[PDB]
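Residue-level structural notes
Below, each chain spelled out in residue letters.
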Number of protein chains: 2
Amino acid sequence: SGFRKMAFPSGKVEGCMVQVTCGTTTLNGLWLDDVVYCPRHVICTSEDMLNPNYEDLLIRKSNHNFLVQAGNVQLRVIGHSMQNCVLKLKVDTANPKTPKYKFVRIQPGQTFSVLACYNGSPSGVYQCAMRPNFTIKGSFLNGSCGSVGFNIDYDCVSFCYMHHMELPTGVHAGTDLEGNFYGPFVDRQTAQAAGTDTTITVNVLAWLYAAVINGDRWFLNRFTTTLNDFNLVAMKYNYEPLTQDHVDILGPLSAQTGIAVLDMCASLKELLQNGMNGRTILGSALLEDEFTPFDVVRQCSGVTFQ
Amino acid sequence: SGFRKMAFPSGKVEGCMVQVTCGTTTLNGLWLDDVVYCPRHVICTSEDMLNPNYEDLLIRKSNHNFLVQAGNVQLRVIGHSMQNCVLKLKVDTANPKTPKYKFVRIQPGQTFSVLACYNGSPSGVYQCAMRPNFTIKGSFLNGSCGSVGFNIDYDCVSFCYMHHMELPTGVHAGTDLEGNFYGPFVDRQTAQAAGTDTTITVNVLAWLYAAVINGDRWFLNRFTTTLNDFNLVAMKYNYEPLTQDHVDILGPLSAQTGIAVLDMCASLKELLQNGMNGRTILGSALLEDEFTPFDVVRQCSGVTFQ
Ligand SMILES: *[C@@H](F)C(=O)N(c1cncc(Cl)c1)c1cccc(-c2cccc(Cl)c2)c1
Ligand SMILES: *[C@@H](F)C(=O)N(c1cncc(Cl)c1)c1cccc(-c2cccc(Cl)c2)c1
């Protein structure tokens, strides 16, 4: 028992992390087979990063302008190209540590692990959710650009995120690994801002089921509610609508605890109208929304990865 | 910016994790050079685990009774011995993935990363603190025994914890890697229980400094307090005393934010007497005590490991 924000073991990703330097800009790259992936703004200068024409900037570059360090070993760049907002640096050595991998794009509400890196060196690992407004509430300092987010499915790494920039509220924006930004953000210095967020309702319900599995029951009740009536309360509290498919996805957790999904909706209703009255749930005094139903089942059942 | 519960990259530990089976008991072992370390209760049966004489149980065992699987490769056991509450299984192959390492024992109030494992396969990584009552609030299911906790210092892994058991409140107890239990717990089935805990005051102050670094300032004030007067409030709220050495350790964070340590104590005082009045700090509605001053400086400055 117990319930923690759990990341995937990071080893398979650590073996892919490299340092990419262009001019005076150093950031992180992701090295798979014979290609290094990194944010294309590596080729921009201070004044470039205002309003740049990336095609123009790249044609002025040569292979030898890109310095790639795999630990203390230098990788020779033999080709370069742009794909949307990422660069693809062709190197003359395939990474012997390349795991089985995929490039997937995730949905807001889903989670992933982040391996924060600086100068190609892994610093720490933590779990994030893609917010409904397509930002992530990460932990990133200067030089973290190119750090990646990922999930692990048995032995296969699904890369879903590469870090690009911090927004003025301190939240973070990035792309999938085909270089397509999550949300309405661009790799230019504009006045872009996050835009309004909501709470991931299905995840909050999953987390209440984690609590019940772990012995927190004070918020349960005998009342029930309809889906339509619950969603009227969700709207008034900036929670997003609950679908029948969310209800179906919560089926297994429902069946394990014996608490009907709409019953737990009734409990969430009361928590929203009454607050928590000085009590806690799974060591939180807030309703937590960054665990998916998948995350609860994995942790409250115990699936591994090899 | 941003502040997350961050674990160390787990790769160096993942390469050491193995499966140890004795009879019908399977748990995890830690494989370094030619020795596998694991909880000695692996040699106990159901009825053994009531009140066992471990010396008696071990003399009845042979090398071939211990099955060790390093992934899909079987390691031949060539020697076995007890050291306090751990077994040391001598195998005929030195682990080629052995990192530079140390066996350290940590202090309550300090943090470490846990690589939760099942059947020798890494499942997930997360950050824990050693509680003042020598328990950890982990996330562990059946078969996690032998999972380890660790810190990373440049390239050196300091192992500080091996998991043994869950206590009736759902918290967790274990040993250092010389097999000496943290706190007054034994690897027998007794009515042992955690015993009263307190809040790690210096860590809460460190976390308030993380908040100020990250733009949360609503809890600051102009008042100050003396150390003696702060500690009178700490006692009334089950917070442990603050020492001059805690004040000294908070010096750098103080100097970076320009908020005197005793000033921040005054702020913590008010938070304890008034609560948080529907506001949050670093996305928490509770005063958080599982980040050391070291953790805040590492994350709010950006140190890596290689
Ligand atoms: C990479 F340089 C980097 O990690 N940056 C970063 C990322 N996350 C947090 C923080 Cl505090 C810093 C970074 C540094 C300078 C500029 C930029 C940037 C500005 C505009 C547009 C884009 Cl795509 C990046 C990011
Ligand atoms: C290893 F078997 C194991 O991981 N156990 C465990 C650990 N943490 C949480 C949970 Cl839910 C289970 C475990 C399983 C059965 C018995 C014991 C045990 C009982 C008494 C004394 C000791 Cl040292 C261990 C632990």
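Deposited coordinates in this entry are attributed by the record to X-ray crystallography, at a stated resolution of 1.70 Å.

Under the PDB entry, the name given to chain A is 3C-like proteinase nsp5, and the organism recorded is Severe acute respiratory syndrome coronavirus 2.

**Description of the overall build of chain A**
When helices and strands are tallied, chain A shows eight helices and 13 strands. For chain A, the spread of C-alpha atoms along the principal axes amounts to about 70 × 45 × 30 Å. For chain A, long-range pairs separated by at least 24 residues make up 65% of all intrachain contacts whose partners lie at least 6 apart in sequence. As displayed, chain A offers around 12700 Å² of accessible surface, 49% of which is attributable to carbon and sulfur atoms. For chain A, the distance from the average position of its 22 positive side-chain charges to the average position of its 26 negative side-chain charges is 2 Å.

**Some thoughts on the pattern of salt bridges**
Here the structure, examined in full by the defined rule, presents 18 salt bridges over all chains. Close ionic contact of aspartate 289 of chain A with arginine 131 of chain A constitutes a salt bridge, the shortest N to O distance being 2.8 Å. Separated by 158 residues along the polypeptide, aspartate 289 of chain A in the loop between α7 (261-274) and α8 (293-299) and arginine 131 of chain A in the loop between β10 (121-129) and β11 (148-153) bring together distant segments of the chain. Accessibility assignment for this pair places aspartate 289 of chain A and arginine 131 of chain A in one class, buried. For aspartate 34 of chain B, the salt bridge goes to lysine 90 of chain B, with nearest N and O atoms at 3.2 Å. A residue pair is termed long-range when its members are at least 10 positions apart, and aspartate 34 of chain B in the loop between β2 (25-32) and β3 (35-39) and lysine 90 of chain B in strand β7 (residues 86-91) qualify at 56 residues. For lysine 90 of chain B, a relative accessible area of 35% puts it in the partly exposed group. Each of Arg4 of chain A together with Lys5, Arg131, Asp197, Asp289 and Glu290 of chain B takes part in salt bridges that share partners, so that together they form one network.

**Focus: the sheet that holds strand β1 (residues 17-22) of chain A**
Residues and elements named next belong to chain A. Across the sheet, seven strands lie side by side as β5-β4-β1-β2-β3-β7-β6; this open sheet has antiparallel pairing. Looking at which strands have only one partner, the edges of the open sheet turn out to be β5 (73-75) and β6 (77-83). On average, each strand axis in the sheet is tilted by 30° relative to the strand beside it, whichever way the strands run. With three bridges joining them, strand β2 (residues 25-32) and strand β3 (residues 35-39) adopt antiparallel strand pairing. Residue pairing for β3: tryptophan 31 is matched across the bridge by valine 36.

**Points about the site of ligand 1**
Residue and element names in this part refer to chain A. Looking at ligand 1, there are 14 residues lining it, with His41, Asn142, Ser144, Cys145 and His163 nearest. In the model, an oxygen atom of ligand 1 is placed 3.3 Å from a nitrogen or oxygen of the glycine 143 main chain. Backbone polar atom of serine 144 to an oxygen atom of ligand 1: 3.0 Å apart, as the coordinates give it. Protein coverage of the free-state accessible area of ligand 1, which is 560 Å², stands at 78%. A per-class count over the shell around ligand 1 returns five nonpolar, six polar and three charged.

**Some details on the site of ligand 2**
Residues and elements named next belong to chain B. Contacts to ligand 2 come from 14 residues, most closely from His41, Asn142, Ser144, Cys145 and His163. Take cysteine 145: an N or O atom from its main chain is 2.6 Å from an oxygen atom of ligand 2. In this structure, a nitrogen atom belonging to ligand 2 sits 2.9 Å away from a side-chain N or O atom of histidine 163. Its free accessible area being 560 Å², ligand 2 has 78% of it covered by the protein chains. Residues of the shell around ligand 2, tallied by class, amount to five nonpolar, six polar and three charged.

**Quick look at the nonpolar core**
In summary, soluble globular proteins display a tendency toward joint burial of nonpolar side chains. Residues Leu30 and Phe159 of chain A together with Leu30 and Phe159 of chain B are the most contacted members of the largest nonpolar core, which totals 42 residues. If sequence neighbours within four positions are ignored, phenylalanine 159 of chain A has contacts with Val13, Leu30, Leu32, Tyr101, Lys102, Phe103, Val104, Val148, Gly149, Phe150 and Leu177 of chain A. Counting residues in each nonpolar core, the second largest holds 34 residues, with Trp207, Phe230, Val233 and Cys265 of chain A among its members.

**A word on the domain arrangement of chain A**
Residues and elements named next belong to chain A. Along its sequence, chain A is organised into domain 1 (1-14 + 100-197), domain 2 (15-99) and domain 3 (198-301). Using only C-alpha atoms to locate each centre, domain 1 and domain 3 end up separated by 25 Å. Across the contact, 19 residues belong to domain 1 and 20 residues belong to domain 3. Summed over both sides, the interface between domain 1 and domain 3 buries roughly 1500 Å², with carbon and sulfur atoms accounting for 51% of that surface. Three residues stand out in domain 1 for area buried against domain 3, namely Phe3, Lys5 and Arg131, and they jointly supply 41% of the buried area on that side. Here domain 1 and domain 3 share three salt bridges between them. For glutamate 290, the salt bridge goes to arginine 131, with nearest N and O atoms at 2.9 Å. The interface formed by domain 1 and domain 3 includes ten residue pairs in polar contact. When residues of the side of domain 1 that touches domain 3 are assigned to their parent elements, the largest contribution, three residues, is made by β10. The residue makeup of the side of domain 1 that touches domain 3, split by class, is eight nonpolar, six polar and five charged.

**Some details on the interface of chain B and chain A**
Between chain B and chain A, the contact holds 46 residues from the first and 46 residues from the second. Taken together, both faces of the contact between chain B and chain A bury some 3300 Å²; the carbon and sulfur share is 50%. It is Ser1, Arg4 and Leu141 of chain B in chain B that bury the most area against chain A; as a group they hold 21% of the surface buried on that side. For the interface between chain B and chain A, the tally reads two salt bridges. The closest approach of N and O atoms between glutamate 290 of chain B and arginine 4 of chain A, which form a salt bridge, is 2.8 Å. Where chain B meets chain A, there are 29 residue pairs in polar contact. Of all elements in the fold, only α1 (11-14), β9 (111-118), β10 (121-129) and α8 (293-299) of chain B reach the threshold of two or more residues within the side of chain B that touches chain A. For the side of chain B that touches chain A, the leading source of residues is β10 of chain B, giving eight residues.

**Remarks on the packing of helix α4 (residues 227-236) of chain A against α7 of chain A**
When two helices pack together, their arrangement is given by the angle between their axes and by how far apart the axes lie. All names here are of chain A. α7 packs onto α4 with a crossing angle of 30° between their chain directions and a minimal axis gap of 10 Å. In terms of orientation, α4 lies roughly parallel with respect to α7. Considering how the two elements wind past one another, α4 and α7 form a crossing that is left-handed. Contacts from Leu227, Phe230, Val233 and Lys236 of α4 reach α7 at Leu262, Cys265, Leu268, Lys269, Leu272 and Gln273. The residue makeup of the contact of α4 with α7, split by class, is seven nonpolar, one polar and two charged.

**Describing the packing of aromatic side chains**
Residues and elements named next belong to chain A. Inspection of every chain in the model, using the stated rule, returns 20 aromatic pairs over all chains. Note on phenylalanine 112 and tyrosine 161: the rings are 5.6 Å apart at their centroids and 40° apart in plane angle, and the pair reads as tilted. Of this pair, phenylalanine 112 sits in strand β9 (residues 111-118) while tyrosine 161 sits in strand β12 (residues 156-166), and the two are 49 residues apart along the sequence. As far as burial versus exposure is concerned, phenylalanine 112 and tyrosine 161 are alike and both buried. Following the ring pairs from residue to residue traces out a cluster consisting of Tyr37, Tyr101, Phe103 and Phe159.

What counts as what
- Residues numbered from 1 in each chain as written, not as in the entry; some residues may be left out.
- Chains lettered and ligands numbered in written order.
- Heavy atoms only, no water.
- Helix = DSSP H or I, 4+ residues; strand = E, 2+ residues; numbered from the N terminus.
- Contact = heavy atoms within 4.5 Å.
- Areas by Shrake-Rupley, 256 points an atom, 1.4 Å probe, with all protein chains shown as cover.
- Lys, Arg positive; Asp, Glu negative; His and termini not counted.
- Charge placed at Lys NZ, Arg CZ, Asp CG, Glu CD.
- Salt bridge = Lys/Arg side-chain N within 4 Å of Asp/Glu carboxyl O.
- Buried < 20%, exposed > 50% of the residue type's maximum accessible area, 1.4 Å probe, protein only.
- Pairing = 2+ DSSP bridges.
- Axes fitted to C-alpha atoms, helices over the stretch in contact; angles between N-to-C directions.
- Near = heavy atom within 4 Å.
- Polar contact = N/O pair within 3.5 Å; in protein donor to acceptor, adjacent residues only side chain to side chain.
- Nonpolar A, V, L, I, M, F, W, Y, C, P; charged D, E, K, R; others polar.
- Core = buried A, V, L, I, M, F, W, Y, C linked by side-chain atoms within 4.5 Å.
- Domains from an automatic or database assignment.
- Buried area = accessible area lost by both parts, 1.4 Å probe.
- Parallel < 35°, antiparallel > 145°, perpendicular 65-115°, else oblique.
- Left-handed = near helix turned anticlockwise from the far one by under 90°.
- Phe/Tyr/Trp six-rings, centres within 6.5 Å; stacked < 30°, edge-to-face > 60°.

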